[PDB]
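By convention here, the first residue in the shown sequence is residue 1. Side-chain atoms are counted along with the backbone in the values below, which use heavy atoms only and exclude waters and symmetry mates.
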Amino acid sequence: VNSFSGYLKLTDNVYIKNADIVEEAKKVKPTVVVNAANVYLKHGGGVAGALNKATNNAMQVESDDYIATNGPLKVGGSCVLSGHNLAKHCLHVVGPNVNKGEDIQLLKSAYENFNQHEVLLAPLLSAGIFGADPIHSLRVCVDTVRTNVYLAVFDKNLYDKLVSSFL
Ligand SMILES: CC(C)[C@H](Nc1ncnc2[nH]c(-c3ccn4cnnc4c3)cc12)c1ccc2c(c1)S(=O)(=O)CCC2
C-alpha cells in the first residue's frame, strides 16, 4: 500500500522523485493520484493526457459525466473521481495556467486541495506548459501542503535544479 520507492524526503511531508507519474501510479497503485487538470476536465495532452491514456480513456468518459452533471471546476479547485487502474481515487486539481494569463495566487488554492487526503502521488502543479516557475511551484507546495505528498517530476534536469534550490 502506497509503496513509494526511491524518493528523496525534502521536508517532513514532501518527497520527490525523477519519474513519470504514470509509471509511478502503475507500480504503487496509490490511494490517490493527482491529475494536473483544466476546468472542463478535458485530458488532451501533458500529464492529464498521459494519465487518461493509461486508463484507455476511462478517465475521460467519467470526467465527461462529472462535467455534464456538476459543471466545470474553478481555477484553484478540485474534484475526486475514480482512479481506475492507476489508483483508488484521482483528485483532479486545477492550477493556474500563467501561459494563458491566470493569476499565480491561485496556485496556493490549488495545492490546498491536497490537504483533504492523507497520502498523494502528484505532479508539480502549473509547471511545464502551464508556465509557472517550477521552483516557485515547489515552494508553494512545501508551504501549503501538510499531508504526505510524493511528487513525481519527469525530467532529471528539473529534478536536479529543484533539489539544488531546496537543499
Ligand atoms: C514539468 C514537467 C517535467 C512535468 N511533466 C511530467 N511530470 C510527471 N510525470 C509526467 N509524465 C509525463 C508524460 C508525458 C507524455 N507521455 C506520453 N506517454 N506517457 C507520458 C508521460 C509528463 C510528466 C509537468 C508537471 C506539471 C504540468 C505539466 C508537466 S504539463 O506540461 O503537462 C501541464 C500541466 C502541469
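With a 4.5 Å cut-off between side-chain heavy atoms of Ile, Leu, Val, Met, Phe, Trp and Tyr, the cluster of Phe130 takes in none.
Looking at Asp143 and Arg139, no side-chain N of the basic residue comes within less than 4.0 Å of a carboxylate O on the acidic one, giving no salt bridge.
Counting heavy atoms from C-beta on, the side chains of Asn52 and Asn57 come closer than 4.5 Å. Within the 4.5 Å cutoff, no side-chain heavy atoms of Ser126 are placed close to those of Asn97. No side-chain heavy atom of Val80 sits less than 4.5 Å from a side-chain heavy atom of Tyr66. You'll find the side chain of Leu151 reaches within 4.5 Å of the side chain of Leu138, heavy atoms only. In this structure the side chain of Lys17 reaches within 4.5 angstrom of the side chain of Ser5, judged on heavy atoms. Within the 4.5 Å cutoff, no side-chain heavy atoms of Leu10 are placed close to those of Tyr15. By the 4.5 Å heavy-atom criterion applied to side chains, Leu120 and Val33 are not counted as neighbours.
Taken to the nearest 0.5 Å, the CD1 atom of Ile135 stands 11.5 Å off from the CZ atom of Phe166.
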### Query
Are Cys79 and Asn70 close enough, and set up right, to give a side-chain contact (heavy atoms from CB on, under 4.5 Å), and what steps lead you there?
CA-CA 10 Å; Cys79 72; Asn70 302 91; over 6 Å; no

### Query
Is there a side-chain contact (heavy atoms from CB on, under 4.5 Å) between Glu24 and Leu121 once you walk through the steps?
CA-CA 8 Å; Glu24 287 296 300; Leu121 166 62; 3.9 Å; yes

### Message
Show, in sequence, the C-alpha distance, side-chain angles and deciding distance for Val32 and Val119, and conclude whether the side-chain contact (heavy atoms from CB on, under 4.5 Å) test is met.
### Response
CA-CA 7 Å; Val32 175; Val119 184; over 6 Å; no

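A single hydrophobic cluster is not seen to contain both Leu124 and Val22; linkage of ILVMFWY side chains at heavy-atom distances under 4.5 Å, directly or through other members, places them apart. Note on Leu107: it clusters hydrophobically with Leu162, by side-chain heavy-atom contacts below 4.5 Å among ILVMFWY residues. Each of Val75 and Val140 belongs to its own hydrophobic cluster when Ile, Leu, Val, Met, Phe, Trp and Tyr are linked at side-chain heavy-atom distances under 4.5 angstrom. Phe4 and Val142 fall into different hydrophobic clusters, where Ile, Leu, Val, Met, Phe, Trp and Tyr are joined by side-chain heavy atoms under 4.5 Å apart, directly or via other members. Hydrophobic clustering (ILVMFWY, side-chain heavy atoms < 4.5 Å, transitive): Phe154 and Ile129 are in distinct clusters.
Contact detail for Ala36 and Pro123: the closest heavy-atom pair is CB-CG, 4.1 Å. Contact record, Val153 with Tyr159: CG1-N, 4.4 Å, taken as the closest heavy-atom pair. Taking all atoms of both residues into account, the shortest heavy-atom contact from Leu51 to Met59 is CB-CE, 4.0 Å. Listed here is the closest heavy atom pair of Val39 and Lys74: CG1-C, 4.0 Å. Considering every non-hydrogen atom in both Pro30 and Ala25, the closest pair reads CD-O, 3.7 Å. In this structure, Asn115 and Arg146 approach most closely via the heavy-atom pair OD1-N, 2.8 Å.
Within 6.0 Å of NZ on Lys100 lie no more than 12 heavy atoms contributed by other residues, nucleotides or ligands. Annotation for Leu8: atom CG counts as buried by contact number, over 12 foreign heavy atoms lying within 6.0 Å. For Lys26, the NZ atom counts as densely surrounded, since its 6.0 Å shell holds more than 12 non-hydrogen atoms of other residues, nucleotides or ligands. Heavy atoms of other residues, nucleotides or ligands lying less than 6.0 angstrom from NZ of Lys161 number 12 at most.
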Tabulate below the donor-acceptor pairs under 3.5 Å that side-chain atoms of residues 85-96 make, not counting sequence neighbours, or state none.
residue	atom	partner	partner atom	Å
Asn85	ND2	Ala54	O	3.0
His92	ND1	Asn35	OD1	2.9

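Remark: the backbone N or O of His43 is paired with a side-chain donor or acceptor of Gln60 at under 3.5 angstrom.
For the residue pair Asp155 / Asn18, no side-chain donor-acceptor distance below 3.5 Å is found, with atom types taken as modelled. At a cut-off of 3.5 Å, with distance as the only test, a side-chain donor of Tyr111 or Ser137 sits close to an acceptor on the other residue.
Identified under the salt bridge (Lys or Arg N to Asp or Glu O under 4.0 Å) test for residues 50-70, with sequence neighbours left out: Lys42-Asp64.
Using the six-membered ring where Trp is involved, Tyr150 and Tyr7 have ring planes that are perpendicular, over 60° apart on the 30 and 60° scheme.
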